[PDB]
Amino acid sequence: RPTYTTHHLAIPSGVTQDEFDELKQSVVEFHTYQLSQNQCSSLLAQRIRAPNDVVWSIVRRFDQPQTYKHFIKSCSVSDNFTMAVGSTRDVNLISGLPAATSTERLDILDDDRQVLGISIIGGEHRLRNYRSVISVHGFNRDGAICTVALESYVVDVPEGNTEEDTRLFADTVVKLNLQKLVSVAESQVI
């Protein structure tokens, strides 16, 4: 039958065993993909010293990815953009990358669960059929409030490359963006 990712079987780097006892359920809910032939999938986590409502308010802005991601020269949306599911964005990337542009579709925008899902539907790049989900999770550590972001993706392995190659590259970009999100979110919270 169809095959599925199993990111719930391992604690991602940067999460505690206690945190994962809660987050494990969220991996099943939001970060499980049906795998197609010759695809690659990864789950990344990032702790943020900010309340989950602050992190989500940043993450949810599908029209402004440059506020919490690297590599973007410019991003445009529709003239009548309303942030409905099915919105698209056209992104121009900075120079020097193995990619120049990206066209992306907003597939999940769940303000009730704080989950954002996007599918790459075009552009000049080598991550064909990339789909990703980021989910935001709040914790109260005896007065101390923090957030863990979970971000996963599934993508085709491009011809000429291995799954190890593809995960190394995609993980690197996702991790770097998650580190910008930390900086942007923590700088809005004393």
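Numbering starts at 1 and follows the sequence shown.
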Entry-level comparison of average CA B-factors, 141-149 and 159-167, reporting the higher stretch: 141-149
Per the entry, higher mean C-alpha B factor between 34-42 and 64-72: 34-42
From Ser95, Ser87, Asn92, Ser119, residue of greatest CA B-factor: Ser87
Assigned third (lowest, middle, highest) for the C-alpha B factor of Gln25: highest
Chain third (lowest, middle, highest) by recorded CA B-factor, residue given as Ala99: lowest
Position of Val136 among the chain's modelled residues by C-alpha B-factor, lowest, middle or highest third: lowest
Cα B factor band for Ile190 (lowest, middle or highest third within the chain): highest
Entry-reported Cα temperature factor of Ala50, expressed as the chain third it lands in: highest
